[PDB]
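Structure first, then comments.
Ideal geometry is used to build each Cβ from the backbone, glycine not excepted, and the neighbour counts take in all protein chains shown. The numbers here are math on the coordinates, done by the rules we state, and not lab data.
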Amino acid sequence: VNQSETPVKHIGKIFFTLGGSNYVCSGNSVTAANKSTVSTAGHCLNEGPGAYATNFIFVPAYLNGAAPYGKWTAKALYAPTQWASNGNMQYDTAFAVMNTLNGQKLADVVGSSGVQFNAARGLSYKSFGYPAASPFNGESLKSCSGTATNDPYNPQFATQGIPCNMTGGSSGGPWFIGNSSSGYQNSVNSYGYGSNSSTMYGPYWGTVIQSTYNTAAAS
């Protein structure tokens, strides 16, 4: 089901510069030893393949321009080799590590979601994001939910899809196992077929993405 959502402390909108151009995405504060880690799509912080983003801003609980917990700047960005070197959609997930803001670590201010890797295929999910393309305008949190199924057409990426109306800008937004934003994150919004596709696909969170998380979370 597609719905409007009140802001969630740990879920945020991303504003970034990549390859010299300005874009938006969505992301999520995830549990990590550094208390500074944000999950998103690889394509939200790296050309895939190519350079990393030159500026990356995370705004937790963004609503209509408001930044109730401030604007957070990335100090480092981590994507798997398969993304950064090959642009492989199978591995379209990455993790940003944020600078402190006013002497505070992100997770201490907004909390964080637990993560899961190497889980079952075909789980049920609720996905969140800040869709920014018609009929949406990027200003507010939205969600989709459903049971994950395989990509019937391009199954070569091991991705999974759920019914969803979220558009460009929702990329990188978290997939939570179950029906709540309080759950474990286990994928991100990655792609759809066309600008207003009725299915959202997210990559399988396996060992490669886990390894990227592990390095980011300590950094």
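Full extension of the chain segment joining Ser182 with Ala133 gains 15.0 nm, where the gain is 0.36 nm per residue of separation less the Cα-Cα distance. Could you tell me which of rounded, prolate or oblate describes region 1-113, using a ≥ b ≥ c as the square roots of the eigenvalues of the alpha-carbon gyration tensor, with rounded for a/c under 1.5 and, failing that, prolate when a/b is larger than b/c and oblate otherwise? Cα axes put region 1-113 in the prolate bin. In this structure, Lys9 and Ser198 have a Cβ-Cβ separation that, at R0 = 30 Å, corresponds to a calculated FRET efficiency of about 0.55. By its C-alpha gyration tensor, with a ≥ b ≥ c as the square roots of the eigenvalues, how is region 118-159 shaped: rounded for a/c under 1.5, else prolate for a/b larger than b/c, else oblate? Since a/c reaches 1.5 and a/b is larger than b/c, the shape of region 118-159 is classed as prolate.
Pairs of Cα atoms nearer than 8 Å and 6+ residues apart set the relative contact order; for the chain it is 25 percent. Volume per residue of the convex hull around the Cα atoms, evaluated for the chain, comes out as 103 Å³.
Look at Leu101, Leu45, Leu141 and count the other Cβ atoms within 10 Å of each Cβ; fewest to most, that gives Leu101, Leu141, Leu45. Oblate is the label for region 113-201, because a/c, from the alpha-carbon gyration tensor with a ≥ b ≥ c as root eigenvalues, is 1.5 or above and a/b does not exceed b/c.
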